[PDB]
């Protein structure tokens, strides 16, 4: 997702929080 969820939040739709980065379908993209 190229996103971080340091604050336990992700903007990218479908990206799950996996501190400190947002993961997508099982992998941070």
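Numbering starts at 1 and runs along the chain as it is shown here.
In case you wondered, yes, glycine gets a Cβ from its N, Cα and C as well.
What Swiss-Prot records for this protein:
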DISULFID  1-15  disulfide bond
DISULFID  5-17  disulfide bond
DISULFID  10-22  disulfide bond
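Under the three-state DSSP scheme, residue 1 (disulfide bond) falls in the coil class. Annotation for residue 22 (disulfide bond): spatial neighbours 1, 3, 4, 5, 10, 12, 15, 16, 28, criterion Cβ-Cβ under 8 Å with sequence separation of six or more. In the three-state DSSP scheme, residue 17 (disulfide bond) is classed as strand.
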